[PDB]
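Read the numbers this way: they start at 1 and go in the same order the structure lists the ligands and their atoms. A, B, ... follow the sequence lines: proteins, then strands. Residue 1 opens every chain. Note that these values count all heavy atoms, side chains included, but never hydrogens, waters or copies made by symmetry.
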Amino acid sequence: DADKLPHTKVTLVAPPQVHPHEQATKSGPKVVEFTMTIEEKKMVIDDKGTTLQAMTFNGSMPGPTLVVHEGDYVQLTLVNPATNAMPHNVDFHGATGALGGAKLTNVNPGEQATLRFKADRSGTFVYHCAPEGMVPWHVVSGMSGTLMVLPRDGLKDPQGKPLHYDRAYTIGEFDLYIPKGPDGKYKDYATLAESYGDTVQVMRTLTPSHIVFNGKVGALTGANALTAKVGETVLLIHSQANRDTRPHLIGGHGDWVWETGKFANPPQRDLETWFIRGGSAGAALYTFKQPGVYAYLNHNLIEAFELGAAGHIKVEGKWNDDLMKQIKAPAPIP
Amino acid sequence: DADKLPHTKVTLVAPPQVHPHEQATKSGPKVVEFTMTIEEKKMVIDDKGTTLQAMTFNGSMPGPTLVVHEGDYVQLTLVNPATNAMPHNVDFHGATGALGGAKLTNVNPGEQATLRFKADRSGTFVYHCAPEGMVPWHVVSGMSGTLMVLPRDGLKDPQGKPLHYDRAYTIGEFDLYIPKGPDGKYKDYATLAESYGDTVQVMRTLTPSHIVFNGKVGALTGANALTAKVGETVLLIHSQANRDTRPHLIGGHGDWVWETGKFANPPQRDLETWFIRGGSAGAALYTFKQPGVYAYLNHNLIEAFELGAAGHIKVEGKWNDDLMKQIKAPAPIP
Amino acid sequence: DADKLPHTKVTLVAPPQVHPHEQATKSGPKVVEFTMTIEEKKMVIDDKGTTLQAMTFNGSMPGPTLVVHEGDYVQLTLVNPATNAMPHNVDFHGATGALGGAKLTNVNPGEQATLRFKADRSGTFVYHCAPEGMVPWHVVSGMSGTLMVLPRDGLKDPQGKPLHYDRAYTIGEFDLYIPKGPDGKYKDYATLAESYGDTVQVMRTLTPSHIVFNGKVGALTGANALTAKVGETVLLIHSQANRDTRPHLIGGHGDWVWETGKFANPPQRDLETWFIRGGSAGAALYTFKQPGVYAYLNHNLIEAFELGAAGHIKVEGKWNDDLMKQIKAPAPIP
Amino acid sequence: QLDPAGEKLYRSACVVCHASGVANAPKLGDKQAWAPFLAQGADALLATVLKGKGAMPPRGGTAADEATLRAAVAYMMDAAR
Ligand code: HEM
Ligand SMILES: [Cu+2]
Ligand SMILES: [Cu+2]
Ligand SMILES: [Cu+2]
Ligand SMILES: [Cu+2]
Ligand SMILES: [Cu+2]
Ligand SMILES: [Cu+2]
């Protein structure tokens, strides 16, 4: 009974990092308490000054990743400050009943609510805002993130062998639908609500204007590239709350991948490209064997390079000539 | 030798219901006889009065679901009444040879044909019309449904444990390509043939005007909502003959899912969202744990809420606070 | 040590054939040497005379399939003749490091380079050109193919039983983005560079003008149809370097399918339709049981029949009435 | 006579809640739901829009001027007649 269990409060961290956790644990079930505060804000989403009238959990796209273990209870306090214009709520795909909690978390500006649910299924699960009557707008504008429910003794391969990651990154991919005006330029809006009508027109074409990792073109590049080292095992959590994507690590692989994101199923190995269904989160493990800069991207290459769905991972370590060697560098044909 | 096998006759029922069947059976192979009659008709596909010049098996979109067991022979009498304008046929993805039977079932208006094939592979399989040179039009106009071939021993989990359902529902998802006129309104055509040219132009854009479950926006709502009780196991069969979809039960899960639809493969568990490839049928089992009205939808939320790909399941029973509890109702921020 | 290992040279063949290989082999690991020469050229891609300013490996779309065995090393000499206009390189999804080899194989016209990498993961893997800042254009213009890395022991089913094919075919599916002029006619360009800007605009709409198997509408039909016979087992390798596809054999099945294309994972059986993620290659086995002309296609039927993503397989042999029988040929309704 | 600016504002913003009834917003064209509002009169309705009420943010969450808001209220009232 949840009321009798120890309660732990967790401090969330901004994507792409994930809050410190346990993988395999000897602890039994607990109630894990989290708080998120909704923030509506205009955000610049590309290199060319284009703005989105955005909606976020905790000020970020995606919202922060919440980690518990299978059998824990998630207890979320959801705060909607009086400074916001719209009502919001939360739907956890990891939860059972009441439209994922959406029916129990309807908060107008100036209100808050607390939901508890049992995280009785292991895996990475999307959570997202779902206000009745305006669901897609809130999702596409930025209101989604991941809940990760780890098996109590950690991840396992198809034969039951233990898999352990040294670091976890969370990547939320966002299909954006920014209206253009008749002059052919992207529209900038004074308020969130004024953006709606023109945005739904674009939504109905099913053609995103931009598709971005973590809230903007190049969010996960340059100074903000992900990082790793040869020998390090990374977990790459990938959420897409609205539209399909196909993650690929250029020069790497998914060593073990749960593309449907549910840890009680055996993972697939050696993937070049995997597939995240719109409305889900999946997870991939990779152990780096080569240093260098990698691209992590949606392998519809138009979506990646033209529309924005690409990031980098900068990897330190020793080059391995057995795995790959330049035999003859580029030179004139004989 | 299928000549010499006993015959049985099935009375088909309209979606979302599925005709009564055995799961596990002590019967051996039989020749199972079905009849379907083609109906071309103008249909209203939303509550606004928008029309489609539709083509159907047995008067419905999707056509009825046909259930046999692995090793049975399906013997279909296909009738194309004189009232119709177009030639039709049937291609069973569950059949082997002659383009799924299409080459052997070409029926002009005022003709009928009888096809027998061995259902030697277990799974949910699409059937659809496929008249040479006209395939996409007939399919997107409504001519598809599902053949379910159950293992003779019933459904099994990955360890070979028996899985039983209390009721089966069949959902056919249809991407529609309805032309618009200069006034921005959907076009209404006096005859099926008159709709052809304009419809082909819309199809080539690859952008559906509507995406509907069972022939209409909100088809699976109100008196025609799916129903269940807490403790009941439902099998949700989902067909998409032309385009990908990503089913999701809001507030629920796919307890056991065969997303590629083929029962000799182990199912996956605990899914939030699954994936039905265009040109296939898949199936998910779920046991209800909470009462309430669930949404069952395509989790491209634009496709669901803007274009029509969403329905309801109304579930009776007692609320479970252990699984989910509103700890604090929406109230002012302290 | 890869040096010191025996070297062998393989002569490539044009799609849809695949160069003679070994499945299960008694051979130890070797360095397998290949050469490919890049060819930029104007190609007619449909039966109306529409042209593509194309770029190819070895003069074909897709490039040839390279077969080794797990533990072999691939050593590719890539040649960019002085007759070409653009720099090129190669990214092997089968490889580990340096953006798949792209960083090590940047060749200007008049240059060549030699790359070695260890093929340490079994499966079918895309290779494609990836010049920095120019990746999507080079890929959609034709620069992709398949590397097949067979397990040393050959293909195996989920229970570890040997699977063997009699012939392999390789199909590359290409989503093309051909610009139109003010008159609504496809543009025809004097030079490759000339096509660039207009093509990028079409790409950004995410809507292909054409989707073709092996470089043109109807490439795999008529005199050029694939062939087999009843009792013969065929491997169908399907690559799509940029965009998702859903292969289906009309009147057949995927007996054993690795849709993500990685042979250390168990295959699924009895598939009606499978799914190749954009940026990947998958593989299906089928043993023919019926003679006749089959269609092999992308089962978005608009993509297949309207846009070009369809081929034929002509199959010799004896009709099997047990599997399918015309009980009553089309005849007038009484 | 209505002004086109009202419908335009409605279609850009107000529609997000009033098309269906987000947070129990009276739906556009709902004759019975709107009867008591019509009886309050246009000035009262406009005052409520400017102030905000429940889940409806001040100015219906727009930066429109009073005249444009009046026009949108007028369009909404018209649809309910
Ligand atoms: C300028 C655009 C808008 C206009 C002209 C408008 C108009 C109106 C009017 C005339 C009323 C009746 C006043 C009353 O109930 O006494 C009303 C009520 C309401 N509106 Fe709006 N509205 C707009 C925007 C919005 C938006 C964006 C929302 C959603 C965030 C919304 C939600 C509501 C709700 C919930 C009510 C009922 C208030 C209650 O009884 O608690 N409205 N609106
Ligand atoms: Cu929200
Ligand atoms: Cu959801
Ligand atoms: Cu037909
Ligand atoms: Cu088909
Ligand atoms: Cu190139
Ligand atoms: Cu690639």
Side-chain angles (χ1 to χ4, degrees), chain A residues 89-95 99-102 125-130 135-136 138-139 143-145 147 239-242 277-281, chain B residues 36 38-40 54-57 63 78 80 84-95 99-102 105-109 125-145 147 192 239-242 246-253 272-273 277-281 294-301 304-305 310, chain C residues 246-253 272-273 294-301 304-305 310:
Chain A
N89 61 19
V90 65
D91 169 351
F92 283 87
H93 289 193
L99 301 173
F125 297 84
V126 162
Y127 67 81
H128 64 84
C129 187
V135 174
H138 287 238
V139 173
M143 298 196 67
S144 71
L147 169 77
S239 58
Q240 225 301 11
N242 191 62
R277 292 137 191 73
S280 68
Chain B
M36 291 192 290
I38 299 143
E39 189 181 17
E40 299 162 5
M55 314 180 203
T56 74
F57 290 105
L78 182 67
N80 188 5
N84 295 324
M86 311 300 174
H88 300 281
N89 59 28
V90 65
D91 167 353
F92 281 92
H93 287 192
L99 302 173
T105 54
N106 289 126
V107 285
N108 292 139
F125 296 83
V126 161
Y127 66 81
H128 65 83
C129 192
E132 194 169 293
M134 296 285 162
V135 180
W137 185 36
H138 283 234
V139 170
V140 305
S141 297
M143 304 200 65
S144 75
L147 171 73
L192 183 54
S239 60
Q240 228 298 12
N242 189 64
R246 58 209 61 70
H248 170 87
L249 178 61
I250 304 185
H253 294 88
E272 57 191 312
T273 298
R277 304 140 183 67
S280 73
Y294 290 68
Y296 175 71
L297 55 73
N298 168 338
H299 211 302
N300 177 318
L301 301 174
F305 291 100
Chain C
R246 56 212 60 71
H248 169 90
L249 180 58
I250 307 182
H253 297 89
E272 60 190 311
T273 298
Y294 292 68
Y296 177 66
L297 54 70
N298 170 342
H299 212 294
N300 177 317
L301 299 169
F305 292 106

At less than 2.8 Å, how many protein N/O/S atoms surround the Cu ion (ligand 3)? Leave waters out. 3
Can you list everything that forms a ring-ring contact (aromatic ring centres under 6.0 Å, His included) with B/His128? Sequence neighbours excluded, please. B/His93, C/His299
With sequence neighbours excluded, tell me which residues meet side-chain contact (heavy atoms from CB on, under 4.5 Å) with A/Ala95. A/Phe92, A/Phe117, B/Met324
B/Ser141 near the Cu ion (ligand 4) via N/O/S, less than 2.8 Å: no
Donor-acceptor pair, B/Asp91 side chain versus B/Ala102 backbone, under 3.5 Å? no
Given the Cu ion (ligand 4) as the apex, I'd like the angle to ND1 of B/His138 and ND1 of B/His88, rounded to 10 degrees. 100°
Heavy-atom side-chain contact between B/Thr56 and B/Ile38 under 4.5 Å: no
Heavy-atom closest pair, residues B/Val90 and B/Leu78: N-CD2, 4.0 Å
Can you tell me the angle formed at the Cu ion (ligand 4) by SG of B/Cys129 and SD of B/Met143, to 10°? 110°
Applying side-chain contact (heavy atoms from CB on, under 4.5 Å), name anything that partners B/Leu192, two or more places apart in sequence or on another chain. B/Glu40, B/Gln53, B/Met55, B/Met86, B/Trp137, B/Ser195
Within the distance-only criterion (no hydrogens, no angle test), does the side chain of B/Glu272 pair as donor or acceptor with the backbone N or O of A/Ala281 below 3.5 angstrom? yes
